[PDB]
Amino acid sequence: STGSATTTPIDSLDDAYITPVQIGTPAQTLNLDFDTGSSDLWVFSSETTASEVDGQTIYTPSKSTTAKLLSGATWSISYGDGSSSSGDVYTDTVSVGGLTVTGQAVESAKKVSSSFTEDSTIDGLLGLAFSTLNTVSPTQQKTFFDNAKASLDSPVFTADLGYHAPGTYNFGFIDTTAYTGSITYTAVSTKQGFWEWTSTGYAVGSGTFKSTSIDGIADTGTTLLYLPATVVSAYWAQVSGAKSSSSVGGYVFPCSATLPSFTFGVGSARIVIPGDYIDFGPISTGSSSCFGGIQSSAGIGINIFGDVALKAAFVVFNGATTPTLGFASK
């Protein structure tokens, strides 16, 4: 079997992408943020404290004929931005674009941090990293992809994110019409539980390609591209007036500037991020300063190929026994 769902940017900046997911019987549709940087499927629910719910669609397991409390199990997660959520665990039928999984652990949020409360468009997260990162205790749970692998035609899922436009998450097949040329596959290290890989280098605009190993994670759940300070400083030195701001917390540039492209290597292939993708608009309404799409990973400890990088390519997450990441131009 296969699955295919449209993902849509939540705002005019592509801050996040939401995909409709059906949970329970009769189905309850929730718009979840597909995150390849985490492994928990958690949703806002009838158990979440009323003051922390601000317009999200909630999951109500008492109205689902297939819901079962996963007795004793609890979860607790914290993300890279400082946000967090916790609660109890239910099992239910979960379907993504026609692909159905029965007995999927759905983590019901009891408490959510203010960052999630203010994002009314996002009803929860659907983790797509390796199951070793799942926070359900004492019995660690499997992600939706891991549970679905048994039914899929091929143990792959693809991400085809759009620039200020809807995109597609496919499960179990590769759409040869979504990309140009061929797909370049690179090795994945599952050691930290992430889709970790090594980029063969970078170029700034029309400059020469610098062959250097950049280890990082393919993360659909992170908006920006976080790279080593040496790479970031070389990109932003090509934009007049660009500077790292402490009050903002990162590189900013004059909104009047034209940003160069950024190329990253995948084996012998090159993936070009156009300059426009690196522009995140004014820091505040009417501002003359614009927020940059490429930021330093120095304070994070890990390089993250987030949505800015992934949306420039058709990305294959091959979850076979030896996992690989495939990238193609689109």
In the same structural domain as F264 (by CATH) and under 21 Å from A105 (Cα atoms), is that true of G221?
yes
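Residues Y226, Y251: which one is under 24 Å from the mean Cα position of the chain (by Cα), more than 22 Å from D35 (Cα to Cα) and either crowded, with 20+ Cβ neighbours inside 10 Å or not assigned by CATH to the domain that holds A309 (or both)?
Values: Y226 fails: more than 22 Å from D35 (Cα to Cα).
Matching residue, one of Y226, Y251: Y251.
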List the strands (runs of 3 or more DSSP E) inside region 27-99, counting only whole elements, that have at least 3 residues being over 26 Å from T2 (Cα atoms).
68-78, 84-96
Looking only at residues in region 176-200 that are surrounded by fewer than 13 Cβ atoms within 10 Å (Cβ to Cβ) and either of a type outside the set (S, T, N, Q) or in contact with an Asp or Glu (Cβ under 8 Å, 6 or more places away or on another chain) (or both), which one is farthest from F264 (Cα to Cα)?
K191
Looking at region 170-177, is at least one residue touching a residue at least 24 places away in the same chain (Cβ under 8 Å) and under 30 Å from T258 (Cα atoms)?
no
Over region 15-26, the set of residues in contact (Cβ under 8 Å) with a residue 40 or more places away in the chain, closer than 26 Å to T65 by Cα and in a loop (DSSP other than H, G, I, E, B) is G24, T25
Return only the number of the condition from (1) crowded, with 18+ Cβ neighbours inside 10 Å; (2) among the β-branched types (V, I, T); (3) closer than 17 Å to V136 by Cα that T74 does not satisfy.
(1)
Hits in region 147-161 (condition: in a strand (DSSP E or B) and of a type in the set (A, V, I, L, M, F, W, C)):
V156, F157, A159
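Take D153 and decide whether it is exposed (fewer than 14 other Cβ atoms within 10 Å of the Cβ), touching a residue at least 40 places away in the same chain (Cβ under 8 Å), out of contact with any strand residue (DSSP E or B) (no Cβ under 8 Å at 6 or more places or on another chain) and assigned by CATH to the domain that holds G97.
Details: exposed (fewer than 14 other Cβ atoms within 10 Å of the Cβ): yes; touching a residue at least 40 places away in the same chain (Cβ under 8 Å): yes; out of contact with any strand residue (DSSP E or B) (no Cβ under 8 Å at 6 or more places or on another chain): yes; assigned by CATH to the domain that holds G97: yes.
Yes: the conditions hold for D153.
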Looking at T324, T285, can you tell me which residue is surrounded by fewer than 19 Cβ atoms within 10 Å (Cβ to Cβ) and without any contact (Cβ under 8 Å) to a residue 24 or more places away in the chain?
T285
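Counting only residues that are outside any strand (DSSP E or B), within 20 Å of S213 (Cβ to Cβ) and in contact (Cβ under 8 Å) with a residue 24 or more places away in the chain, how many does region 301-321 have? Full working, then the answer.
Step one: list which residues in region 301-321 are outside any strand (DSSP E or B), which gives 301-302, 306-312, 319-321.
Checking the rest, the ones that are also within 20 Å of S213 (Cβ to Cβ) come to 301-302, 306, 309-310.
Then drop every residue that is not in contact (Cβ under 8 Å) with a residue 24 or more places away in the chain, which leaves 302, 306, 309-310.
Number of matching residues: 4.
Here's the yes/no breakdown for (1) assigned to a strand (DSSP E or B); (2) within 24 Å of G82 (Cα to Cα); (3) not basic (K, R):
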position: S115; (1), (2), (3): no, yes, yes
position: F145; (1), (2), (3): no, no, yes
position: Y163; (1), (2), (3): no, no, yes
position: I174; (1), (2), (3): no, no, yes
position: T186; (1), (2), (3): yes, no, yes
Residue by residue through region 1-11, note down the ones that are assigned to a loop (DSSP other than H, G, I, E, B), touching a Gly at 6+ places or on another chain (Cβ under 8 Å) and of a type outside the set (V, I, T).
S1
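When you scan region 89-121, how many residues do you find that are charged (D, E, K, R) and surrounded by 19 or more Cβ atoms within 10 Å (Cβ to Cβ)?
3
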With (1) in a strand (DSSP E or B); (2) touching a residue at least 40 places away in the same chain (Cβ under 8 Å) as the list, and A298 as the residue in question, which single condition is left unmet?
(1)
Residue by residue through region 202-218, note down the ones that are β-branched (V, I, T) and either loosely packed, with under 14 Cβ neighbours inside 10 Å or not assigned by CATH to the domain that holds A257 (or both).
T208, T212
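All Cβ positions, even for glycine, are placed from backbone atoms using ideal geometry, and neighbour counts span all protein chains on display. Basis: the model, the stated rules and, where named, an outside source; no laboratory read-out is quoted.
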